[PDB]
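Visitor: For reference, the file upload.cif (mmCIF, C-alpha atoms and all ligand atoms) is included below:
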```cif
data_entry
loop_
_atom_site.group_PDB
_atom_site.id
_atom_site.type_symbol
_atom_site.label_atom_id
_atom_site.label_comp_id
_atom_site.auth_asym_id
_atom_site.auth_seq_id
_atom_site.Cartn_x
_atom_site.Cartn_y
_atom_site.Cartn_z
ATOM 1 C CA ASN V 701 94.277 -147.852 -88.143
ATOM 2 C CA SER V 702 96.367 -144.877 -89.308
ATOM 3 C CA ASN V 703 99.330 -145.703 -91.662
ATOM 4 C CA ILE V 704 101.758 -143.286 -89.922
ATOM 5 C CA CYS V 705 103.166 -143.101 -86.348
ATOM 6 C CA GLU V 706 101.101 -140.776 -84.180
ATOM 7 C CA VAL V 707 104.274 -139.291 -82.605
ATOM 8 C CA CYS V 708 106.761 -138.789 -85.493
ATOM 9 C CA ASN V 709 104.320 -138.891 -88.443
ATOM 10 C CA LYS V 710 106.433 -141.409 -90.403
ATOM 11 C CA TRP V 711 105.596 -144.887 -91.735
ATOM 12 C CA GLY V 712 107.607 -147.894 -90.829
ATOM 13 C CA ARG V 713 107.121 -150.905 -88.498
ATOM 14 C CA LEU V 714 103.897 -149.757 -86.759
ATOM 15 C CA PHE V 715 101.959 -151.290 -83.804
ATOM 16 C CA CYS V 716 98.290 -150.632 -84.005
ATOM 17 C CA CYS V 717 96.013 -149.722 -81.098
ATOM 18 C CA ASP V 718 93.075 -152.127 -80.632
ATOM 19 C CA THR V 719 90.754 -149.517 -79.204
ATOM 20 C CA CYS V 720 91.473 -146.533 -81.351
ATOM 21 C CA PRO V 721 92.863 -145.913 -84.872
ATOM 22 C CA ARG V 722 96.317 -144.646 -83.800
ATOM 23 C CA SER V 723 99.541 -146.417 -84.639
ATOM 24 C CA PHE V 724 103.089 -146.246 -83.199
ATOM 25 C CA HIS V 725 106.628 -147.062 -83.713
ATOM 26 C CA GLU V 726 107.786 -149.318 -80.906
ATOM 27 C CA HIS V 727 110.002 -146.691 -79.175
ATOM 28 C CA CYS V 728 107.814 -143.722 -80.157
ATOM 29 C CA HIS V 729 105.069 -144.975 -77.795
ATOM 30 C CA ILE V 730 105.746 -144.375 -74.122
ATOM 31 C CA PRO V 731 106.017 -146.736 -72.445
ATOM 32 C CA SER V 732 107.634 -148.774 -75.434
ATOM 33 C CA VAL V 733 104.915 -150.917 -77.116
ATOM 34 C CA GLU V 734 104.370 -153.963 -74.913
ATOM 35 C CA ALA V 735 105.640 -157.393 -76.306
ATOM 36 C CA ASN V 736 102.441 -159.423 -76.163
ATOM 37 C CA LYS V 737 98.987 -158.141 -74.953
ATOM 38 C CA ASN V 738 96.086 -158.810 -77.325
ATOM 39 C CA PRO V 739 94.117 -156.648 -77.386
ATOM 40 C CA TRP V 740 96.593 -153.733 -76.843
ATOM 41 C CA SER V 741 95.460 -150.299 -75.837
ATOM 42 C CA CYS V 742 97.737 -147.199 -76.487
ATOM 43 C CA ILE V 743 98.436 -144.505 -73.876
ATOM 44 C CA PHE V 744 95.745 -142.187 -75.342
ATOM 45 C CA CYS V 745 93.191 -144.915 -74.696
ATOM 46 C CA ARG V 746 94.518 -145.631 -71.167
ATOM 47 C CA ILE V 747 94.346 -141.954 -70.232
ATOM 48 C CA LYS V 748 90.792 -141.661 -71.529
ATOM 49 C CA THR V 749 89.797 -144.713 -69.393
ATOM 50 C CA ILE V 750 91.158 -143.031 -66.219
ATOM 51 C CA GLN V 751 89.031 -140.003 -66.927
ATOM 52 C CA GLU V 752 85.914 -142.135 -67.685
ATOM 53 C CA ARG V 753 86.317 -144.157 -64.503
ATOM 54 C CA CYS V 754 86.570 -140.972 -62.391
ATOM 55 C CA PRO V 755 84.781 -138.027 -64.069
ATOM 56 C CA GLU V 756 85.570 -135.771 -61.118
ATOM 57 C CA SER V 757 89.309 -136.145 -61.918
ATOM 58 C CA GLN V 758 88.615 -133.389 -64.505
ATOM 59 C CA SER V 759 87.594 -130.760 -61.960
ATOM 60 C CA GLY V 760 90.252 -128.070 -61.531
ATOM 61 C CA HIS V 761 93.311 -128.663 -59.382
ATOM 62 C CA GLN V 762 96.018 -126.469 -57.917
ATOM 63 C CA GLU V 763 99.487 -127.008 -59.448
ATOM 64 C CA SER V 764 101.067 -127.144 -56.026
ATOM 65 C CA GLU V 765 98.906 -130.116 -55.042
ATOM 66 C CA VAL V 766 99.576 -131.904 -58.301
ATOM 67 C CA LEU V 767 103.332 -131.553 -57.983
ATOM 68 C CA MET V 768 103.331 -133.162 -54.490
ATOM 69 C CA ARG V 769 101.560 -136.269 -55.682
ATOM 70 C CA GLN V 770 103.456 -139.505 -55.343
ATOM 71 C CA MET V 771 104.214 -141.361 -58.540
ATOM 72 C CA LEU V 772 101.607 -144.129 -58.152
ATOM 73 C CA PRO V 773 100.609 -145.968 -61.397
ATOM 74 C CA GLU V 774 98.085 -143.334 -62.590
ATOM 75 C CA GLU V 775 100.478 -140.398 -62.085
ATOM 76 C CA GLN V 776 103.298 -142.406 -63.722
ATOM 77 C CA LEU V 777 101.014 -142.853 -66.745
ATOM 78 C CA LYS V 778 100.042 -139.182 -66.863
ATOM 79 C CA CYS V 779 103.743 -138.148 -66.864
ATOM 80 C CA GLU V 780 104.485 -140.692 -69.615
ATOM 81 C CA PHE V 781 101.639 -139.219 -71.699
ATOM 82 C CA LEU V 782 102.768 -135.626 -71.106
ATOM 83 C CA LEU V 783 106.322 -136.643 -72.209
ATOM 84 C CA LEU V 784 104.833 -138.241 -75.301
ATOM 85 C CA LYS V 785 102.873 -135.069 -76.120
ATOM 86 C CA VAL V 786 106.154 -133.156 -76.209
ATOM 87 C CA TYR V 787 107.770 -135.716 -78.564
ATOM 88 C CA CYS V 788 104.735 -135.321 -80.779
ATOM 89 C CA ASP V 789 105.945 -131.812 -81.706
ATOM 90 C CA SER V 790 108.631 -131.894 -84.379
ATOM 91 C CA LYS V 791 110.613 -129.178 -82.583
ATOM 92 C CA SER V 792 111.263 -131.713 -79.807
ATOM 93 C CA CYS V 793 114.194 -132.903 -81.917
ATOM 94 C CA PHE V 794 116.306 -130.103 -80.527
ATOM 95 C CA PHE V 795 115.809 -131.246 -76.972
ATOM 96 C CA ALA V 796 115.800 -135.055 -77.419
ATOM 97 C CA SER V 797 119.400 -136.104 -77.180
ATOM 98 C CA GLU V 798 122.321 -135.031 -74.975
ATOM 99 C CA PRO V 799 123.349 -131.440 -75.714
ATOM 100 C CA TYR V 800 126.812 -129.888 -75.742
ATOM 101 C CA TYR V 801 127.790 -126.299 -75.096
ATOM 102 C CA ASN V 802 130.575 -124.335 -76.863
ATOM 103 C CA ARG V 803 129.424 -120.860 -77.893
ATOM 104 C CA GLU V 804 131.426 -117.675 -77.566
ATOM 105 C CA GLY V 805 130.064 -115.582 -74.702
ATOM 106 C CA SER V 806 128.069 -118.344 -73.008
ATOM 107 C CA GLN V 807 128.746 -121.006 -70.464
ATOM 108 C CA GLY V 808 126.891 -124.379 -70.436
ATOM 109 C CA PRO V 809 124.331 -125.146 -67.749
ATOM 110 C CA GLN V 810 125.296 -126.643 -64.419
ATOM 111 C CA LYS V 811 122.745 -129.428 -64.825
ATOM 112 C CA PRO V 812 122.176 -130.471 -68.420
ATOM 113 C CA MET V 813 118.860 -132.154 -69.219
ATOM 114 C CA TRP V 814 117.218 -133.681 -72.260
ATOM 115 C CA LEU V 815 114.086 -135.594 -73.247
ATOM 116 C CA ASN V 816 115.674 -139.014 -73.636
ATOM 117 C CA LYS V 817 117.166 -138.634 -70.127
ATOM 118 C CA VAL V 818 113.671 -137.897 -68.722
ATOM 119 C CA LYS V 819 112.344 -140.868 -70.714
ATOM 120 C CA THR V 820 114.961 -143.199 -69.157
ATOM 121 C CA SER V 821 114.319 -141.782 -65.726
ATOM 122 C CA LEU V 822 110.581 -142.533 -66.035
ATOM 123 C CA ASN V 823 111.280 -146.023 -67.334
ATOM 124 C CA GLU V 824 113.613 -146.715 -64.400
ATOM 125 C CA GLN V 825 111.019 -145.317 -61.822
ATOM 126 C CA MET V 826 113.480 -142.696 -60.632
ATOM 127 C CA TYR V 827 110.863 -140.075 -59.863
ATOM 128 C CA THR V 828 108.982 -140.448 -56.583
ATOM 129 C CA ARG V 829 106.711 -137.389 -57.069
ATOM 130 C CA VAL V 830 105.219 -135.577 -60.060
ATOM 131 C CA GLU V 831 107.396 -132.582 -59.000
ATOM 132 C CA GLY V 832 110.574 -134.540 -60.028
ATOM 133 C CA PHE V 833 109.421 -135.097 -63.507
ATOM 134 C CA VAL V 834 108.049 -131.534 -63.974
ATOM 135 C CA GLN V 835 111.260 -129.950 -62.622
ATOM 136 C CA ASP V 836 113.440 -131.886 -65.103
ATOM 137 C CA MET V 837 111.117 -130.985 -68.002
ATOM 138 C CA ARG V 838 111.131 -127.292 -67.120
ATOM 139 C CA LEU V 839 114.938 -127.411 -66.710
ATOM 140 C CA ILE V 840 115.352 -128.456 -70.328
ATOM 141 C CA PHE V 841 113.782 -125.186 -71.519
ATOM 142 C CA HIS V 842 115.299 -122.950 -68.850
ATOM 143 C CA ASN V 843 118.867 -124.224 -69.746
ATOM 144 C CA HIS V 844 118.168 -123.483 -73.409
ATOM 145 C CA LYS V 845 116.950 -119.927 -72.731
ATOM 146 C CA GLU V 846 119.878 -119.099 -70.561
ATOM 147 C CA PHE V 847 122.551 -120.526 -72.934
ATOM 148 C CA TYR V 848 121.223 -118.995 -76.184
ATOM 149 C CA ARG V 849 120.784 -115.499 -74.623
ATOM 150 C CA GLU V 850 119.788 -113.115 -77.382
ATOM 151 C CA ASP V 851 120.145 -115.518 -80.300
ATOM 152 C CA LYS V 852 116.778 -115.972 -81.970
ATOM 153 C CA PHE V 853 117.232 -119.759 -81.425
ATOM 154 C CA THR V 854 116.066 -119.107 -77.851
ATOM 155 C CA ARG V 855 112.560 -119.088 -79.280
ATOM 156 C CA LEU V 856 112.629 -122.846 -79.872
ATOM 157 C CA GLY V 857 112.767 -123.266 -76.053
ATOM 158 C CA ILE V 858 109.761 -120.964 -75.599
ATOM 159 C CA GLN V 859 107.817 -122.830 -78.218
ATOM 160 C CA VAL V 860 108.383 -126.348 -76.912
ATOM 161 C CA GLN V 861 107.856 -125.176 -73.303
ATOM 162 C CA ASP V 862 104.477 -123.800 -74.359
ATOM 163 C CA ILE V 863 103.512 -127.274 -75.682
ATOM 164 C CA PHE V 864 104.653 -128.796 -72.425
ATOM 165 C CA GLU V 865 102.730 -126.311 -70.249
ATOM 166 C CA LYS V 866 99.439 -126.521 -72.229
ATOM 167 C CA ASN V 867 99.538 -130.292 -72.073
ATOM 168 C CA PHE V 868 100.428 -130.257 -68.340
ATOM 169 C CA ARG V 869 97.385 -128.089 -67.603
ATOM 170 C CA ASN V 870 95.180 -130.426 -69.715
ATOM 171 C CA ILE V 871 96.388 -133.800 -68.507
ATOM 172 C CA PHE V 872 96.493 -132.900 -64.810
ATOM 173 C CA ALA V 873 93.253 -130.804 -65.007
ATOM 174 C CA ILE V 874 94.859 -127.677 -63.612
ATOM 175 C CA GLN V 875 92.222 -125.013 -62.649
ATOM 176 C CA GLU V 876 91.769 -122.468 -65.390
ATOM 177 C CA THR V 877 92.815 -118.870 -64.615
ATOM 178 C CA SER V 878 93.203 -115.440 -66.285
HETATM 179 ZN ZN ZN V 901 107.353 -142.809 -84.689
HETATM 180 ZN ZN ZN V 902 94.400 -146.101 -78.641
HETATM 181 ZN ZN ZN V 903 84.437 -142.164 -59.457
#
```
Just give me the structure as structure tokens.
Guide:
Amino acid sequence: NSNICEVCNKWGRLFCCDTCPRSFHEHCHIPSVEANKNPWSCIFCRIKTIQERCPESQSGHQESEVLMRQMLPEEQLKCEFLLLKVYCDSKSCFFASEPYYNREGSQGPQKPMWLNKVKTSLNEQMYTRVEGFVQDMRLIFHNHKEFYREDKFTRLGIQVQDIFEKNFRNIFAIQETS
């Protein structure tokens, strides 16, 4: 197994996957690393099994269809994995915890949003469709772009949104377009 957390790239108290060489901090893994379970298989491994069980699940899909899917166990897992892929980027730090807004010439968003809030919402099964989860994730970046206006810090929102969107298209097998 690796000697650093796959998500945050630090050592520490690590839980090792039984079916692949990745390791995790307890609350870096999503869902949080399960208490017992020997062997234990990480979310990367669980996602790969879904694909292997249904090879056709990789054929291209329309985003509008994906968004209307109910949050059954497999879609729940896919959203958890997509959330984890965003935390894997170090620039996620800016969007993880609850923001506050006091900048001359700007007003804070009407509906603040942050990664840990989305994480709690997934854990509590608050989303009934994929659309719920995707809307909250896109809101994080849209709030940031609107608040920071012409400051160059707006680019951090563009960058992390790009990681989100690329991973969304990969995990949900969205049909490739020009
Ligand atoms: Zn970690
Ligand atoms: Zn694994
Ligand atoms: Zn099949």
Visitor: Can you measure atom CA of residue 748 of chain V to atom CA of residue 794 of chain V for me? One decimal in Å is fine.
Guide: 29.4 Å
Visitor: Could you state the separation of atom CA of residue 853 of chain V and atom CA of residue 840 of chain V in Å, given to one decimal place?
Guide: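 For atom CA of residue 853 of chain V relative to atom CA of residue 840 of chain V, the distance reads 14.2 Å.
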Visitor: For a quick check of understanding, using all atoms listed in the file, which of V:781, V:827, V:814, V:740 has the smallest distance to ligand ZN 902 (chain V)?
Guide: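 Nearest candidate to ligand ZN 902 (chain V) out of V:781, V:827, V:814, V:740: V:740.
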Visitor: Between V:729, V:785, V:811, V:845, which has the minimum distance to residue 865 of chain V (counting all atoms listed in the file)?
Guide: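 Between V:729, V:785, V:811, V:845, the residue approaching residue 865 of chain V most closely is V:785.
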Visitor: Counting all atoms listed in the file, which of V:786, V:772, V:796, V:745 gets nearest to residue 723 of chain V?
Guide: V:745
Visitor: Considering all atoms listed in the file, return as a list in words whatever protein or nucleic-acid residues lie within 7 Å of segment 703-717 of chain V, sequence-local ones (same chain, fewer than 6 positions apart) excluded.
Guide: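 In the requested format, the answer is residues 723, 724, 725, 726, 728, 740, 741, 742, 787 and 788 of chain V.
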Visitor: With only C-alpha atoms as the counted atoms, please give the residues lying no more than 12 Å from segment 760-765 of chain V, apart from itself and same-chain residues fewer than 2 positions off, as a ChimeraX atom specification.
Guide: /V:755-758,767-770,829-831,834,865,868-877
Visitor: Could you name the residues that touch residue 783 of chain V at 10 Å or less, counting all atoms listed in the file, but leaving out those on the same chain fewer than 3 positions away, as an MDAnalysis selection string?
Guide: chainID V and resid 730 777:780 786:788 815:816 818:819 822 833:834 837 864 867:868
Visitor: As an exercise, work out the distance from atom CA of residue 858 of chain V to atom CA of residue 824 of chain V in Å and give it to one decimal place.
Guide: 28.3 Å
Visitor: Report as number ranges by chain all protein, DNA and RNA residues lying within 10 Å of residue 846 of chain V, evaluated on all atoms listed in the file, omitting residues in the same chain fewer than 2 positions from it.
Guide: V: 806-809, 841-844, 848-850, 854, 857
Visitor: Nearest residue to residue 859 of chain V out of V:732, V:790, V:821, V:810, using all atoms listed in the file?
Guide: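 Ranked by minimum distance to residue 859 of chain V, first place goes to V:790.
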Visitor: Have a look at V:836, V:775, V:752, V:789 and name the one nearest to residue 813 of chain V; count only C-alpha atoms.
Guide: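 Ranked by minimum distance to residue 813 of chain V, first place goes to V:836.
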Visitor: Find, counting only C-alpha atoms and all ligand atoms, the residue in V:743, V:776, V:720, V:784 that gets nearest to ligand ZN 901 (chain V).
Guide: V:784
